[PDB]
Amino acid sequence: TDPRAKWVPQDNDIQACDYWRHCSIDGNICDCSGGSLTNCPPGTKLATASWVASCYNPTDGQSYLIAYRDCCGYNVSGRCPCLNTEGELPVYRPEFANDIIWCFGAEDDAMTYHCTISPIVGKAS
């Protein structure tokens, strides 16, 4: 609620913007438009590209690498918008940059932004 305060992760509600895996999400949480935490909504196309972040999990004290992937080919969902930037670097370090539409490799070459999923791909280092 203080937007300038240090962001504090929780592991009890995935639709909230302080959910721990959403630490560098920019966009909308797919779970709110018919996707799930790590799946796209019907009709959309799952990109293969991502941007990454190391996000602290307050459940187990570990930091996990979240490779955000977009669900693409639909107008922006408009539900559960969030913008967090923990570790997020400028566009010249693109693997860490989250203003970029990460829709590359989506089926049917879909490039419009609908929502983002938050799957874990590895351990932080």
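Heads up: residue numbers just count along the shown sequence, starting at 1.
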property	result
Comparing 31-39 with 59-67, the one whose average Cα B-factor in the PDB entry is higher	59-67
Entry-reported Cα temperature factor of residue 13, expressed as the chain third it lands in	middle
Residue 96 - which third its CA temperature factor falls in, relative to the rest of the chain	middle
Position of residue 89 among the chain's modelled residues by C-alpha B-factor, lowest, middle or highest third	lowest
For residue 77, the third of its chain into which the C-alpha B factor falls	lowest
